[PDB]
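Here is the structure we will look at, set down as structure tokens.
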There are 2 protein chains.
Amino acid sequence: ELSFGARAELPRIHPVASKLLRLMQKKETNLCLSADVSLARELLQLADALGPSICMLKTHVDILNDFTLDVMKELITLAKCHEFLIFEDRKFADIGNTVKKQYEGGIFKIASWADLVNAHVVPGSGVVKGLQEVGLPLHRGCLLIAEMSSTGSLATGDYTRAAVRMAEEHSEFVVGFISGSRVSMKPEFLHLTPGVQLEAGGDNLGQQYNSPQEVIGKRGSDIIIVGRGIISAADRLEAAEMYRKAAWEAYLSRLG
Amino acid sequence: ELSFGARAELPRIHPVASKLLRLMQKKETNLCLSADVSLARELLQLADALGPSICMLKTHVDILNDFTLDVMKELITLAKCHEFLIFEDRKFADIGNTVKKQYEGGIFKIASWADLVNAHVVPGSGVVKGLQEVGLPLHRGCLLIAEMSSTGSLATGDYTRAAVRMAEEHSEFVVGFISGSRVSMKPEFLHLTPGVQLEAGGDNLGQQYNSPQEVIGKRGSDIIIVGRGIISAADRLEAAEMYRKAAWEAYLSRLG
Ligand SMILES: O=c1cnn([C@@H]2O[C@H](COP(=O)(O)O)[C@@H](O)[C@H]2O)c(=O)[nH]1
Ligand SMILES: O=c1cnn([C@@H]2O[C@H](COP(=O)(O)O)[C@@H](O)[C@H]2O)c(=O)[nH]1
Ligand code: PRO
Ligand code: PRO
Ligand code: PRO
Ligand code: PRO
């Protein structure tokens, strides 16, 4: 096993993955904030205050009540300042011809501001081929959804294996996975894991939690994605620091 | 097998399914236009001209360059005038807590104007439970994606069976399927089939076509979803009429 900083230099590394791994190493953070808020001002105030603590900020811009492209310009300023990537959690999941338009166009123009997006693999590899027609020229990366943290997830078994093959066959655009554990043996691929809280439990709509120590340390993932464990806390900066320290130490202990 | 008009009266029919089946019977149409355009004016001019020929208009509002809620008000006026349902093809595919916000909120406020939406079943039944928290109070319906028409689709076998069970267990909100064929034996559920053209072939991003006669007549589906076979034709009204007549006659011949 290689450090994040060494993985950033692997021959086949994608440039977006390399940038991410280098800032993870520099800042001692493998935390992705899931900025699940409906107000632009709250999104930007969280990005500014928590920026030093995170490697990545994950958006759902289709839940912002006051989205504009100017908001995303301001988010990019903060991402550049504090050094984190922007990941729009759009879960593209249509045929290739449709997802290319959903990625480039409409009101959101996702490809213009998102370093990373993700896709479900259920449509077959055309979903990746459609996204990459927009994302390759714009030097973007994509994450494939190999597993989900929710109760009754069908992203298991042969479905998960199909995601790894699709990633490993589109490695010029696909930089890794959303997964609950390491699913690829290739160190060039990132593993990002949602369904993370310090305490046991879940929500009332199928979300299930595991700890940073479990998912980074035992399950071999790279990055934790944390929403409500931070966002619902009173002091979101201290909460982010607790999650950062948990994920970072779990990584160091597994690296040995 | 029952006619559309008789299915509209089944004991367990959902009100949105009943409204749809009654207007299908009245208008002799089982065609859903896939209005895959980027301009509001083109969307509205297609809705007005083709409204009499269709049972449903399927949107991707995240591809409109000039989306506003006023555009959707104008679309509703046309839907009421010509008698068709509005189906936003959003393919919700997140955990329940996230999809409820994506359905109700953000810029699009999908639940405020869409009679129907669809969901992938990959997250497990929490995706339906989250949508239904918004959609049940608003008297909306949902379609579950049981199959996809694209090359390499993983919506097969046990995945398709899981979609049918999830639909049949959330029948107060789920009104049917996106599928390539009949997948439920319960006549209360609608089957809508994309990947339809009169001529053989596909696109260069994994789309595959079958004919209206094949999918309605042989494969037992209810409604054809047609995008480019209409949208790319010079005369979209004549193209819509050719698809309507094809799908309607295939239905009548199987009913016998
Ligand atoms: O398998 C999952 C589970 N959750 N999420 C996303 O990660 C965040 C989890 O939020 P939470 O920490 O508040 O539960 C939410 O934005 C959710 O859409 C995923 O991408 N995949
Ligand atoms: O399995 C599929 C295939 N296509 N679509 C959608 O139906 C339309 C198919 O368009 P087409 O007729 O132009 O190929 C597009 O909007 C596409 O997103 C689905 O919902 N499911
Ligand atoms: O010096 C560094 O940060 C990188 C890490 C691995 C080797 N070079
Ligand atoms: O299970 C619960 O409800 C709380 C909230 C998530 C962590 N523990
Ligand atoms: O009269 C009608 O239109 C409906 C159809 C089935 C029986 N009643
Ligand atoms: O296969 C093709 O390219 C054309 C367009 C769809 C139907 N036939």
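Quick notes
Residues checked against (1) buried (at least 22 other Cβ atoms within 10 Å of the Cβ); (2) of a type outside the set (A, V, I, L, M):
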residue: A:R12; (1), (2): no, yes
residue: A:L20; (1), (2): yes, no
residue: A:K91; (1), (2): yes, yes
residue: A:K100; (1), (2): yes, yes
residue: A:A114; (1), (2): yes, no
residue: A:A119; (1), (2): yes, no
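- Candidates A:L154, A:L144, A:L192, filtered to the one that is more than 15 Å from the chain's Cα centre (by Cα) and either under 15 Å from A:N30 (Cβ atoms) or within 14 Å of ligand 1 (Cβ to nearest atom) (or both): A:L154
- Cβ pairs under 8 Å, 6+ apart, first in segment A:229-244 and surrounded by fewer than 19 Cβ atoms within 10 Å (Cβ to Cβ), second polar (S, T, N, Q): A:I231/A:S34; A:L237/A:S53; A:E241/A:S53
- A count restricted to segment B:139-182 and to residues that are free of Cβ contacts under 8 Å to residues at least 24 places away in the same chain, over 26 Å from A:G126 (Cβ atoms) and within 14 Å of chain A (Cβ to nearest Cβ) stands at 1.
- Count of residues meeting criterion [of a type in the set (D, E, K, R) and either within 16 Å of ligand 4 (Cβ to nearest atom) or closer than 14 Å to B:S181 by Cβ (or both)] in segment B:211-247: 4
- Some residue of segment B:217-227 being of a type outside the set (A, V, I, L, M, F, W, C) and within 30 Å of B:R41 (Cα to Cα): yes
- A:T59 being within 14 Å of another protein chain (Cβ to nearest Cβ), away from ligand 1 (no atom under 16 Å from the Cβ), touching a residue at least 12 places away in the same chain (Cβ under 8 Å) and of a type in the set (S, T, Y): no
- Meets criteria (within 13 Å of chain B (Cβ to nearest Cβ), surrounded by fewer than 24 Cβ atoms within 10 Å (Cβ to Cβ) and either free of Cβ contacts under 8 Å to residues at least 24 places away in the same chain or more than 16 Å from ligand 2 (Cβ to nearest atom) (or both)) for A:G217: no
- Hits in segment A:208-256 (condition: in contact with a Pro (Cβ under 7 Å, 6 or more places away or on another chain) and in a helix (DSSP H, G or I)): A:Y243, A:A246, A:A247, A:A250
- Answer from A:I95, A:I110 - the residue that is among the β-branched types (V, I, T), away from ligand 5 (no atom under 16 Å from the Cβ), under 19 Å from the mean Cα position of the chain (by Cα) and crowded, with 21+ Cβ neighbours inside 10 Å: A:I110
A quick yes/no check of all residues on (1) in a loop (DSSP other than H, G, I, E, B); (2) away from ligand 2 (no atom under 13 Å from the Cβ):
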| position | (1), (2) |
| --- | --- |
| B:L10 | yes, yes |
| B:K19 | no, yes |
| B:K26 | no, yes |
| B:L33 | no, no |
| B:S38 | yes, no |
| B:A47 | no, yes |
| B:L50 | no, yes |
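- Test: residue in segment B:2-20 that is within 14 Å of chain A (Cβ to nearest Cβ), away from ligand 3 (no atom under 16 Å from the Cβ) and more than 20 Å from B:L192 (Cα to Cα): no
- Residue within segment A:123-138 that is crowded, with 24+ Cβ neighbours inside 10 Å, β-branched (V, I, T) and either at the interface with chain B (Cβ under 9 Å from one of its Cβ atoms) or not in a loop (DSSP other than H, G, I, E, B) (or both) present: yes
- Looking at B:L44, B:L69, B:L31, B:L39, just one residue is more than 16 Å from A:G105 (Cβ to Cβ), aliphatic (A, V, I, L, M) and surrounded by fewer than 16 Cβ atoms within 10 Å (Cβ to Cβ), and that residue is B:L69.
- Residue that is farthest from the other protein chains (Cβ to nearest Cβ) [pool: residues in segment A:75-105 that are in a helix (DSSP H, G or I) and β-branched (V, I, T)]: A:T77
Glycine also receives a Cβ, built like all others from the backbone with ideal geometry; neighbour counts cover every protein chain displayed. Where a number appears in this text, it was derived from the coordinates with a stated rule and is not lab data.
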